[PDB]
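The chain below stands alone and is given as structure tokens, in the form deposited in one PDB entry.
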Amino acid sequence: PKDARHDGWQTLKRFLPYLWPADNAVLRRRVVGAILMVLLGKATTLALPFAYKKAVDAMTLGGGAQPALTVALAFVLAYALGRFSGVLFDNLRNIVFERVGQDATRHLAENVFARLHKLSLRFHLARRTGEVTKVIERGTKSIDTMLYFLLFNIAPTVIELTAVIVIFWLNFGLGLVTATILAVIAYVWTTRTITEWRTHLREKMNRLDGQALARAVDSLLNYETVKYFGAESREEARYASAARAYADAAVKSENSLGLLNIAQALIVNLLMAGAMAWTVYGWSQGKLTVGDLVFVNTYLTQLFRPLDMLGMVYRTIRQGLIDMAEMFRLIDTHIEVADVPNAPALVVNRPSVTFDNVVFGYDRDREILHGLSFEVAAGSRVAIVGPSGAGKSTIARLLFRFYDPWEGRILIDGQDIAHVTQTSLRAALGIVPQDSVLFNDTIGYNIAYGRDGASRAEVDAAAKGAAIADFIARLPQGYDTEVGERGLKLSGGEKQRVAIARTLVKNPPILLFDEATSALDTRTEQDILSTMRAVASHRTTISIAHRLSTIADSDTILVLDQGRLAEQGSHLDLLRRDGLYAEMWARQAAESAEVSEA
């Protein structure tokens, strides 16, 4: 299976079930019809040169223009109709097959999409929208062009080349056969080597192009700064040098295309000269008719027409196979966090959260939690704080099981979250993260995202609870207002309110505020804190905060130091104990004073 050479053959054999689905009957029928079109088309293009030969034969055999006019007429007509029929068959196979192609590449993409959602967070999917888009565009284009060239150029040419070998064998040579075979081998080898060199030149050109373009764009988007320093000539010279470098590379890349074409024509035309001279010589001895000259010439040109593109074809097919392999690699990549076999659903009857001796790090060379243990009572409002090495920033990710502990475990109610389904576990948890993100869609879509079947009543209710309802009401399109980019831009508080609303639609027993106010300004922070407190009403709530004053009203505060639970208690108990929390508090307090001094 996967236990193979990992060449194009493996990738292709892997792709084969997509083309011959065994899910879909209609598509299989389409495949068969396309293959029939290939065969009819080839039979037609192989037959038509014979008709041309006979027409010439009739006009040379040959005392006069006698009953032979009728014969010659019939045969040229057969030839022309043959040409049209060949093209008709080719275009009909493309037309029949196209749906199969489209479904196959769609299903491949969907499989990759699904596996990517199953894969680990640590792949760190944080990148540029335009760049990933450019990569995906280039790649889909790649796989499509490859697929088309393999099925509809290379394969028909293999059939045709074999047929020409047999026919040339039975009717000529067999010096003809070896001559053509050598011509084809020299042709492919030359095209291949020249193409490898060409692909390198292309890559250099593409890079230089990107550089000239980047300079131009950076300049235009910094028009103000350029004016401030009167730097127009400078930026112009800067674009110009880059542009020249690009143009030089482009001239080389294109010229190499000229060289490939010339090499190809040399090979074809040596073959043509040889075949035709030899055919004429065979004519002189009465072995071959004059029509044979026409016949061989047509067979050779027809054979070498698809090979006119072989370079591009080669490049394309190669790249496609690469890209497709990349796809399959993702599908194969193993999943770090998985449900255990026959994992039960998590049943939340009493929403306690337990960390039991948790040892964890994102990477095995940097341990962060060194045996963290704590208990959060059901329905309590708890805070988790600490200085720079505490490891509090792992809590949310562990609770949602983005990762597993190296040692120890997390429990919700009485149950190890590692032994339940990921879906039930996440169904029980709400989060308002530090940087809330909006989908490129309406505000209603964004709020309703909290639960799958969320009704507009639920959206209104959540928006009310998050106290963002009025702001939406004063929008012309209300809930149907598009947001994100390209959409309406929300303030930080408005975004955090959309996130809160989203979690309200979910209505989870356990709610986490994960540095929820850390990006907000002071007034925004203070405003949203009453909403958060209200929204924590009958939930078990865990708030991870940098700034202690924002969580001082907690039922209890867990203080972490060096990946372990250092101190525990109410804000007052902790101030009395005069330990780490008190120091932190004093420190922050002092700092708040200093800023106010200015």
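Just count from 1 along the sequence shown to find any residue number.
Form solved in complex with a small molecule: not shown, discussed below.
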Is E235 one of the residues lying within 4.5 Å of the small molecule in the deposited complex, judged by heavy atom distances? no
Check whether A390 has any heavy atom within 4.5 Å of a heavy atom of the small molecule in the deposited complex, and answer yes or no. yes
Applying a 4.5 Å heavy atom distance criterion, does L125 contact the small molecule in the deposited complex? yes
Residue-level question: is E494 within 4.5 Å of the small molecule in the deposited complex, judged on heavy atoms? yes
Though the small molecule is not shown, can you say which of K489, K464, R99, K252 has a heavy atom within 4.5 Å of it in the deposited complex? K489
Note: exactly one of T517, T394, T279, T180 sits with a heavy atom within 4.5 Å of the small molecule in the deposited complex, namely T394
Where does the small molecule sit in the deposited complex: which of 68 to 76, 381 to 389, 420 to 428, 342 to 350, heavy atoms within 4.5 Å? 381 to 389
